[PDB]
Protein chains: 4
Amino acid sequence: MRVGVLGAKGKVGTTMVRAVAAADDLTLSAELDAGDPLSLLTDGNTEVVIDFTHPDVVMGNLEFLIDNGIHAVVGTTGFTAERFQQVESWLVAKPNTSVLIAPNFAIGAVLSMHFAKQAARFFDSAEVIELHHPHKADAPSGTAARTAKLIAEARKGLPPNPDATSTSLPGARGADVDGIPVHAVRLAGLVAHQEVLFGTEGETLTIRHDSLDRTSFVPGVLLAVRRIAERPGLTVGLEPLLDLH
Amino acid sequence: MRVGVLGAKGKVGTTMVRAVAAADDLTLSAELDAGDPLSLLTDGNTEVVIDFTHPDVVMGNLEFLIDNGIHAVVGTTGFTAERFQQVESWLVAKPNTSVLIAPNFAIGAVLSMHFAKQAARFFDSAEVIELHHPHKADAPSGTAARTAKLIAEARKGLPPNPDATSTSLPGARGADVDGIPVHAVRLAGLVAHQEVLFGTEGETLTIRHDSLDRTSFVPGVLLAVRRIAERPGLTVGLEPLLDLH
Amino acid sequence: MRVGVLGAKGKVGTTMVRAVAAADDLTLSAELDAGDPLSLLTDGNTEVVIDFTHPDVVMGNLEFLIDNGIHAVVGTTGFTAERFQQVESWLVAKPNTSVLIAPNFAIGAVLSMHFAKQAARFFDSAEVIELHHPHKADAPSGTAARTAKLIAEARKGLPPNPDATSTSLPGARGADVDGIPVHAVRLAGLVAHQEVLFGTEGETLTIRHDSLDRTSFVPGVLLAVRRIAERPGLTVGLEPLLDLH
Amino acid sequence: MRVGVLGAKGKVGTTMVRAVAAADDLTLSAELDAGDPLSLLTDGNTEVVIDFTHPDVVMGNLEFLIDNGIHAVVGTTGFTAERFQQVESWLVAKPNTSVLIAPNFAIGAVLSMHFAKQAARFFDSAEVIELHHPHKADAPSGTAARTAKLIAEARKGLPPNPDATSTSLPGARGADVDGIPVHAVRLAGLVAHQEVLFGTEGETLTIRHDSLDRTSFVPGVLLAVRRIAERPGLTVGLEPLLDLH
Ligand SMILES: NC(=O)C1=CN([C@@H]2O[C@H](COP(=O)(O)OP(=O)(O)OC[C@H]3O[C@@H](n4cnc5c(N)ncnc54)[C@H](O)[C@@H]3O)[C@@H](O)[C@H]2O)C=CC1
Ligand SMILES: NC(=O)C1=CN([C@@H]2O[C@H](COP(=O)(O)OP(=O)(O)OC[C@H]3O[C@@H](n4cnc5c(N)ncnc54)[C@H](O)[C@@H]3O)[C@@H](O)[C@H]2O)C=CC1
Ligand SMILES: NC(=O)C1=CN([C@@H]2O[C@H](COP(=O)(O)OP(=O)(O)OC[C@H]3O[C@@H](n4cnc5c(N)ncnc54)[C@H](O)[C@@H]3O)[C@@H](O)[C@H]2O)C=CC1
Ligand SMILES: NC(=O)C1=CN([C@@H]2O[C@H](COP(=O)(O)OP(=O)(O)OC[C@H]3O[C@@H](n4cnc5c(N)ncnc54)[C@H](O)[C@@H]3O)[C@@H](O)[C@H]2O)C=CC1
Ligand SMILES: O=C(O)c1cccc(C(=O)O)n1
Ligand SMILES: O=C(O)c1cccc(C(=O)O)n1
Ligand SMILES: O=C(O)c1cccc(C(=O)O)n1
Ligand SMILES: O=C(O)c1cccc(C(=O)O)n1
């Protein structure tokens with residue numbers, strides 16, 4: 001299988017390049033970063049692309065890829081409904097082309113979101129603390145926001161988090177994501193971390209995920225790269241490839 | 001519903017007394033502690049008993065209760081397979097009597113055991129750190145041991161935790177519970193806490209439960225007290241009620 | 001020693017009442033809550049008062065107390081420079097009257113602030129996560145804000161926390177306290193908790209303090225109540241009574 | 001300054017090689033791993049050596065180095081009183097040779113040991129949880145053991161940790177280090193982590209250090225490499241350099 005990487009010089013992208021290069025069943029056929037022509041892709045007869053670039057360019061790369069029938073495994077963040085729709089649109093005229101977009105490729109993260117969904121209804125309180133390296137441009141993380149969305153949707157019909165806050169400094173209570181507070185920590189020394197906190201009378205549940213290293217994202221990505229053509233169209237999240245094995 | 005409490009003066013037992021006393025749909029009909037006659041139960045027309053006493057006396061109280069058709073919600077620890085056995089044969093002669101024994105009545109704890117079951121097969125490593133107040137007689141906790149049992153059974157067919165330990169002080173690596181290391185911390189200021197740690201390449205998943213207070217055990221207990229007669233015979237665990245596992 | 005309590009029916013105040021009542025060397029001589037006359041104090045010949053009330057009334061109570069020469073141990077939050085000054089003022093015409101105001105009376109909290117002061121200069125990043133029960137009116141806590149102040153002052157002359165945040169939801173990055181981000185979590189089941197996070201290349205230092213119970217504030221308070229008259233005037237913080245024994 | 005590295009191919013050693021190579025004021029003059037002659041050191045005019053090898057070979061390398069007047073910055077673990085002894089008598093015959101041995105070169109770790117020293121006397125309980133990658137041969141870590149030693153010495157004259165344990169699985173309570181329990185976790189995905197837990201009535205203090213990456217040990221090592229000759233003879237610990245203790 002001929003695999004190309006968009007964002008090859010990036011913190012994550014370079015890690016994927018080594019991963020592909022080292023995979024016995026994959027041929028690294030393209031290494032693009034900022035300012036490299038996309039035809040390098042079509043030129044090396046790339047079959048699938050791993051994209052870890054930027055919210056400002058991903059839709060550009062996606063149109064090209066789908067246009068040329070190249071499958072895409074996308075980790076780049078910032079996707080929205082309209083974006084998904086756009087993708088969803090684009091892919092309609094391009095059947096047999098698969099695009100997989102995951103807010104996080106680490107298994108612990110995927111499991112965390114799963115568990116949070118399950119625990120949400122049993123508690124009175126839920127907040128999300130997210131912790132990342134100081135080079136991350138967006139806060140809160142997409143993973144954190146998506147996790148707040150899931151908790152909120154799972155608690156439909158229940159009252160809101162109890163909060164007697166009457167005076168506070170702006171921002172102390174974090175960002176409101178569908179009524180779930182989300183706090184973003186940007187600290188040197190960190191990579192990617194998230195804590196989901198549930199509380200009720202006299203007890204709390206914490207689901208914590210820690211990416212100590214960017215290699216943590218490779219198994220998930222390569223798993224997707226390999227079974228990409230199984231589900232043609234648009235897949236979101238890794239869950240579909242996991243709640244099997 | 002007439003509810004009696006065994007271990008009424010205990011750290012947990014007294015909390016249950018207040019809880020029952022305050023429940024609008026329950027009548028506190030008995031308060032027994034060490035040295036109180038069991039007939040105080042039968043004497044007050046008790047229908048259900050909450051037992052938070054001691055491993056050395058629970059079987060004694062259980063025989064009496066079943067004998068007199070009183071239902072039992074038991075939180076007292078130290079139950080074993082053989083123990084689970086006597087209570088059954090005791091009930092067969094007293095069908096229509098229900099006994100519920102739960103290693104933990106806090107919801108977060110029950111959910112933690114559920115999640116650990118689900119995550120076990122996705123990681124190379126699993127260890128359990130358990131933390132309790134310095135008055136706890138047994139280590140590791142029953143909750144921790146049961147959680148190690150579940151993780152082990154969920155990983156049947158997979159290799160053991162990788163460990164290159166070649167020299168160590170005795171005990172440094174914790175207790176072996178079905179091949180899952182369990183560490184017991186006994187510290188002033190704590191109540192009841194447990195951490196489940198899963199690890200694989202470059203990432204870890206931690207499910208942490210904290211009982212900051214003994215009130216955390218009341219909802220679970222009262223839930224069981226109320227639906228006790230829904231299942232005649234023995235019920236081990238709170239799972240069946242929480243409609244999950 | 002005749003001790004009176006302001007805020008006697010409060011979450012913390014009631015705990016202090018039991019504490020005083022149980023102290024063999026203290027006489028509980030007054031129990032005031034909202035709507036009780038202050039002369040109850042002067043009426044019972046109170047010598048020292050413990051105040052755990054509200055930012056809106058503390059200055060009122062303080063004027064009376066100082067006016068009548070009653071010493072005050074104040075845990076109520078929301079004090080400011082002008083307030084301190086005001087107190088500082090007031091106390092000038094009232095020598096031999098001592099007032100002790102502490103942002104936190106738990107020893108671990110006092111130690112945490114001490115340690116943070118010491119570690120601040122060794123790291124590139126510092127953030128503060130504070131976690132409290134959902135009845136707390138103010139965010140961030142006074143302890144958290146004071147801790148951010150100390151870290152900032154200890155890092156004078158060093159560059160700011162590195163942060164590449166370019167897009168973010170409002171509040172995701174917390175409150176800015178002297179350039180130190182502070183995040184406030186309000187969750188059911190919690191009492192009073194704080195985490196100080198320091199980060200540099202490939203490592204982090206976390207100093208975590210947990211008040212699992214409001215009794216945690218009693219030793220500190222009673223220590224202050226007893227040695228109150230040692231330092232006449234205004235003392236802030238418990239440190240002066242600790243960096244001895 | 002001509003710097004050589006012993007254990008150049010090791011997890012940590014290779015990281016030091018890159019660090020030296022990249023330092024503008026240091027010349028990488030030697031790269032030895034298992035089976036490389038020590039004369040490669042003397043051969044390249046090496047002035048200082050960084051040793052991250054193995055307890056079984058460090059004394060061998062130390063004799064050679066001191067013998068030839070090469071300074072040594074040693075991170076390799078397993079040093080003991082008797083060991084500390086040979087190196088001294090070796091140096092007496094080679095004054096002007098400096099040897100620095102540190103159980104940990106990460107700053108957060110050094111600070112953690114400092115703080116634990118300070119907090120020890122204020123609590124009733126102290127335990128140490130240490131967490132490392134599954135390739136570590138020794139448990140508990142030297143850092144953890146040294147930290148338990150310090151806490152114990154700081155609590156001389158005080159009673160022991162209160163523990164009502166009466167029945168337990170072997171090892172559940174950890175290793176005894178001078179009466180301080182130490183627990184060693186070996187988990188995939190981890191690098192080097194330690195938690196110090198102090199507890200007293202209703203509260204706990206936790207000092208947590210996390211090395212998410214082996215780069216975390218470079219600043220400390222290079223700092224020592226550079227000022228090595230400031231102190232002829234033996235220096236145990238990084239404390240003397242950090243101007244603290
Ligand atoms: N879904 C997941 O599991 C994960 C998602 N991410 C996300 O993936 C992205 C990458 O993060 P990092 O690697 O830390 O960023 P980075 O520091 O690597 O920045 C992105 C890289 O891609 C390059 N690139 C930029 N524009 C490009 C273009 N138009 N075409 C091709 N290459 C281009 C940039 O030059 C740079 O090399 C971010 O949005 C991040 O939040 C990161 C880790 C995991
Ligand atoms: N399943 C769960 O969720 C939980 C289980 N437990 C377990 O429940 C038990 C109680 O824990 P604590 O309250 O902390 O202990 P405790 O020692 O404070 O409470 C036990 C009390 O019951 C009394 N009692 C003893 N023998 C009795 C007898 N023959 N008849 C009536 N009362 C008797 C004792 O004098 C004492 O008052 C232990 O086995 C503990 O491990 C504790 C918390 C939660
Ligand atoms: N410094 C420290 O270590 C600590 C400080 N606090 C702070 O102390 C205060 C108390 O917190 P909680 O006990 O949770 O609040 P709370 O829920 O007890 O509210 C305060 C109580 O004082 C009463 N009171 C109100 N106005 C009064 C007045 N004018 N005169 C006399 N009594 C009055 C109220 O009726 C209520 O009983 C808050 O500002 C809290 O943040 C809380 C714990 C520790
Ligand atoms: N003080 C500190 O801050 C730290 C100390 N350490 C300790 O440093 C040592 C190294 O740890 P790792 O790098 O993880 O182990 P490792 O086994 O990955 O590194 C050791 C390496 O040195 C090689 N080597 C062995 N014998 C040698 C010899 N006679 N001459 C030259 N090279 C030789 C081995 O082949 C291997 O390449 C251990 O004792 C570890 O506990 C590790 C991290 C930090
Ligand atoms: O969901 C996210 O935004 C996310 C997840 C992991 C890592 C990163 C990152 O390094 O930016 N971002
Ligand atoms: O599983 C247990 O043994 C357990 C769980 C919660 C509390 C206690 C306890 O307080 O003894 N014991
Ligand atoms: O510094 C604070 O504001 C603080 C500290 C401990 C407890 C509380 C509280 O219960 O409000 N508030
Ligand atoms: O104190 C120790 O033994 C220690 C400290 C940090 C890392 C390692 C290691 O990687 O072996 N060992």
# chains A, B, ... in the order shown; residues from 1 in each chain; ligands from 1
call {"tool": "residues_around", "arguments": {"residues": "residue 38 (chain C)", "least_positions_apart": "5", "cutoff": "9 Å", "atoms": "only C-alpha atoms", "output": "ChimeraX atom specification"}}
result
/C:32,43,61,64-65
call {"tool": "write_last_selection", "arguments": {"atoms": "C-alpha atoms", "output": "compact mmCIF listing (two decimals), in the first residue's frame"}}
result
# COMPACT_ATOMS: atom_id res chain seq x y z
CA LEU C 32 -23.55 34.23 66.30
CA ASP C 43 -22.22 40.22 76.67
CA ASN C 61 -17.68 42.52 62.33
CA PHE C 64 -16.87 46.10 66.18
CA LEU C 65 -14.36 43.53 67.41
call {"tool": "residues_around", "arguments": {"residues": "region 121-126 of chain D", "least_positions_apart": "2", "cutoff": "8 Å", "atoms": "only C-alpha atoms", "output": "ChimeraX atom specification"}}
result
/B:187-188 /C:107 /D:118-119,128,151,154-155,158,160-162,180-181,196-200
call {"tool": "select_by_dssp", "arguments": {"residues": "region 51-192 of chain C", "states": "helix (DSSP H, G or I)", "output": "PyMOL selection string"}}
result
chain C and resi 58-67+81-92+107-122+142-154
call {"tool": "write_last_selection", "arguments": {"atoms": "C-alpha atoms", "output": "short mmCIF file (atom, residue, chain, number, x, y, z; two decimals), in the first residue's frame"}}
result
data_model
loop_
_atom_site.label_atom_id
_atom_site.label_comp_id
_atom_site.auth_asym_id
_atom_site.auth_seq_id
_atom_site.Cartn_x
_atom_site.Cartn_y
_atom_site.Cartn_z
CA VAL C 58 -16.52 40.70 57.73
CA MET C 59 -15.42 44.33 57.74
CA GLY C 60 -18.51 45.16 59.73
CA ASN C 61 -17.68 42.52 62.33
CA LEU C 62 -14.03 43.51 62.31
CA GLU C 63 -14.72 47.14 63.24
CA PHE C 64 -16.87 46.10 66.18
CA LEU C 65 -14.36 43.53 67.41
CA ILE C 66 -11.36 45.83 67.21
CA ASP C 67 -13.46 48.60 68.72
CA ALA C 81 -5.09 45.72 50.16
CA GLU C 82 -7.53 48.50 50.96
CA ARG C 83 -9.31 46.12 53.33
CA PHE C 84 -6.05 45.15 54.95
CA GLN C 85 -5.18 48.84 55.05
CA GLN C 86 -8.58 49.59 56.56
CA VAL C 87 -7.90 46.85 59.13
CA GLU C 88 -4.34 48.08 59.40
CA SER C 89 -5.81 51.52 59.94
CA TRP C 90 -8.44 50.55 62.50
CA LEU C 91 -5.91 48.49 64.50
CA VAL C 92 -3.53 51.48 64.79
CA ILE C 107 -1.42 23.05 56.88
CA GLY C 108 -1.00 21.35 53.54
CA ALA C 109 -2.29 24.50 51.86
CA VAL C 110 0.15 26.70 53.76
CA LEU C 111 2.97 24.31 52.89
CA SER C 112 1.89 24.24 49.25
CA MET C 113 2.18 27.99 48.97
CA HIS C 114 5.62 27.79 50.57
CA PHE C 115 6.84 25.13 48.15
CA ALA C 116 5.42 26.90 45.11
CA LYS C 117 7.46 29.96 46.10
CA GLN C 118 10.57 27.79 46.12
CA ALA C 119 9.96 25.96 42.83
CA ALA C 120 8.71 28.85 40.70
CA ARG C 121 12.10 30.00 39.39
CA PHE C 122 13.18 26.53 38.25
CA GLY C 142 -8.45 33.21 47.54
CA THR C 143 -5.88 30.52 48.19
CA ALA C 144 -5.45 29.96 44.44
CA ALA C 145 -5.14 33.66 43.67
CA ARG C 146 -2.65 34.18 46.46
CA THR C 147 -0.69 31.22 45.21
CA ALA C 148 -0.61 32.72 41.71
CA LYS C 149 0.57 36.02 43.20
CA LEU C 150 3.46 34.29 44.97
CA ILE C 151 4.57 32.36 41.92
CA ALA C 152 4.51 35.54 39.83
CA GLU C 153 6.50 37.52 42.39
CA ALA C 154 9.03 34.72 42.66
#
call {"tool": "calpha_fit_rmsd", "arguments": {"fixed": "chain D", "moving": "chain A"}}
result
0.9 Å
call {"tool": "interface_residues", "arguments": {"of": "chain C", "to": "chain B", "cutoff": "10 Å", "atoms": "only C-alpha atoms", "output": "tab-separated table (two decimals) with C-alpha atoms, in the first residue's frame"}}
result
chain	number	residue	atom	x	y	z
C	189	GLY	CA	-18.50	15.77	46.08
C	190	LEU	CA	-15.46	18.02	46.52
C	191	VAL	CA	-14.55	20.14	49.54
C	210	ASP	CA	-6.66	18.06	49.36
C	211	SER	CA	-9.05	19.03	52.10
C	212	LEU	CA	-11.28	15.98	52.19
C	213	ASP	CA	-12.98	17.44	55.20
C	215	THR	CA	-12.04	19.42	60.12
C	216	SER	CA	-8.78	19.99	58.24
call {"tool": "residues_near_ligand", "arguments": {"ligand": "ligand 6", "cutoff": "9 Å", "atoms": "only C-alpha atoms and all ligand atoms", "output": "PyMOL selection string"}}
result
chain B and resi 11-12+75-78+102-106+109+132-133+135-146+191-193+211+214+217
